[PDB]
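The structure appears below as structure tokens.
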Amino acid sequence: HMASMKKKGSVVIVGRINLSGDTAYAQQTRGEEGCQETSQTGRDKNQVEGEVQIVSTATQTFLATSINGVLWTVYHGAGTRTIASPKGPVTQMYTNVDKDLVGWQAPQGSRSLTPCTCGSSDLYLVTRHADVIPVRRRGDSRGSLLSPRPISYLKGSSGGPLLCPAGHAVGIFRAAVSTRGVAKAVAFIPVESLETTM
Ligand SMILES: COc1ccc2nc(C)c(O[C@@H]3C[C@H]4C(=O)N[C@]5(C(=O)NS(=O)(=O)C6(C)CC6)C[C@H]5/C=C\CCCCC[C@H](NC(=O)[C@@H](NC(C)=O)C(C)(C)C)C(=O)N4C3)nc2c1
Ligand SMILES: [Zn+2]
């Protein structure tokens, strides 16, 4: 009934993929209880750093990537949810279920990736475990793993970046192409598609 209708919580930044030095590594910045509490209030006072965030809802965890001052992720992870911030929940400024894409204004303190204009097909996929996986671009929205891996290793990395050799953003990881449980290829949202949405 109306009086007891619940509200969905916010997406909460719970960590990041550190790409600042020579070694990529995941960092947790918030534990499960603080995540639950922050999801309900929408108030996250933690300092944000870096380009790739680890984000969570009450039921899912995935990645989000800052490009051109927008923190982007997948609709199948975030739905229409707000994201927690120091002054309360922030409404999405982009939502496109047809592209599996959402975006919020980039958090204060984040750093943004630059959209790639290299036209290169030698890409690198960054996972939630800070693996950097070589991927050969095979089409507008597809690339093949040079070393296929069980889908277990990619689960939870939607919303992460595919990068060019120079570290520019080429796309947002959306889905895995699975044959008998092995990811041989990935699908991504091309950065051009983000730029058109903006
Ligand atoms: C609800 O509104 C929308 C709107 C648009 C939309 N667009 C979509 C393309 C879409 O896909 C669904 C989600 C997406 C997905 O799991 N992504 C991540 C990920 O990590 N998620 S996650 O864990 O972070 C999470 C779950 C918390 C958030 C990267 C993959 C990592 C590992 C793969 C695990 C096995 C799933 C294999 C799926 N692959 C296939 O279905 C392909 N078919 C075969 C046979 O292979 C293709 C892609 C069909 C060819 C697949 O990757 N999926 C299914 N859902 C939506 C929904
Ligand atoms: Zn580039």
Side-chain angles (χ1 to χ4, degrees), residues 8 11-19 22-28 35 50-67 71-81 94-103 113 115-116 118-183 185-194 196-197:
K8 266 188 184 185
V11 174
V12 178
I13 293 167
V14 300
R16 73 180 70 90
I17 304 307
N18 195 299
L19 299 172
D22 61 341
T23 302
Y25 63 101
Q27 302 172 288
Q28 189 177 83
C35 182
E51 307 87 347
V52 180
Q53 309 300 319
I54 309 174
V55 300
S56 299
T57 66
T59 53
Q60 305 294 340
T61 183
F62 45 105
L63 304 177
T65 302
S66 284
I67 304 161
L71 185 69
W72 303 97
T73 193
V74 285
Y75 186 91
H76 80 258
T80 57
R81 291 173 191 253
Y94 306 105
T95 314
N96 189 331
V97 67
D98 292 324
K99 298 178 181 179
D100 197 15
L101 182 70
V102 313
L113 296 167
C116 183
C118 295
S120 170
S121 286
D122 291 330
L123 312 181
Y124 303 85
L125 174 64
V126 180
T127 73
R128 70 177 293 108
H129 306 296
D131 297 314
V132 177
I133 294 170
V135 169
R136 175 66 185 189
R137 196 176 188 161
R138 297 295 192 191
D140 48 2
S141 58
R142 295 287 181 98
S144 58
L145 280 65
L146 274 57
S147 305
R149 294 166 177 84
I151 53 172
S152 311
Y153 285 96
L154 302 181
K155 181 180 188 287
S157 291
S158 71
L162 288 86
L163 308 169
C164 79
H168 308 139
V170 173
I172 298 288
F173 181 30
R174 170 166 57 196
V177 182
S178 172
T179 300
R180 295 197 273 88
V182 177
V186 291
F188 58 91
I189 305 159
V191 71
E192 292 87 351
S193 183
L194 279 54
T196 294
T197 287

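Sequence positions, counted from 1, serve as the residue numbers for this chain. All heavy atoms count here, side chains included; hydrogens, waters and symmetry mates do not.
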Taking all heavy atoms of [X] and all of [Y], pick out the closest pair and write down the distance.
X	Y	result
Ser56	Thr61	OG-OG1, 3.1 Å
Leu154	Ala176	CD1-CB, 4.3 Å
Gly77	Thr57	O-CG2, 4.2 Å
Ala187	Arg142	CB-NE, 3.7 Å
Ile67	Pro115	CG2-CG, 4.0 Å
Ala24	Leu19	CB-CD2, 3.7 Å

[atom1]/[X] to [atom2]/[Y] distance, rounded to the nearest 0.5 angstrom?
X	Y	atom1	atom2	result
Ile54	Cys35	CD1	SG	11.5 Å
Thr23	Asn18	OG1	CG	9.5 Å
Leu162	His168	CG	NE2	15.0 Å
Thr196	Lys99	OG1	NZ	6.0 Å
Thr65	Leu71	OG1	CG	7.5 Å
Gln53	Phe62	CD	CZ	12.5 Å

Completion exercise
Tested for ring-ring contact (aromatic ring centres under 6.0 Å, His included) against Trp72, the lone hit among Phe173, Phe188, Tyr94 is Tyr94
Exercise for the section: Taking the side chain as every heavy atom from C-beta outward, state whether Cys118 and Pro165 have any pair of such atoms under 4.5 Å apart. Expected result: no
Handout entry: Note, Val170 side chain near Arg137 side chain (heavy atom, < 4.5 Å)
Key = yes
Any side-chain to backbone donor/acceptor pair from [X] onto [Y]? Under 3.5 Å, distance only.
X	Y	value
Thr73	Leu63	yes
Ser157	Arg128	yes
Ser121	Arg136	no
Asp140	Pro190	no

Exercise for the section: Quick one: list whatever passes side-chain contact (heavy atoms from CB on, under 4.5 Å) with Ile189, sequence neighbours left out. Expected result: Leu101, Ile172, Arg174, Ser193, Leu194
Handout entry: Flag if over 12 foreign heavy atoms under 6.0 Å of OH, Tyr153
Key = no
Practice task
Please lay out, stage by stage, how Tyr75 and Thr95 fare under the test side-chain contact (heavy atoms from CB on, under 4.5 Å).
Solution key: CA-CA 7 Å; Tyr75 186 91; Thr95 314; 3.8 Å; yes
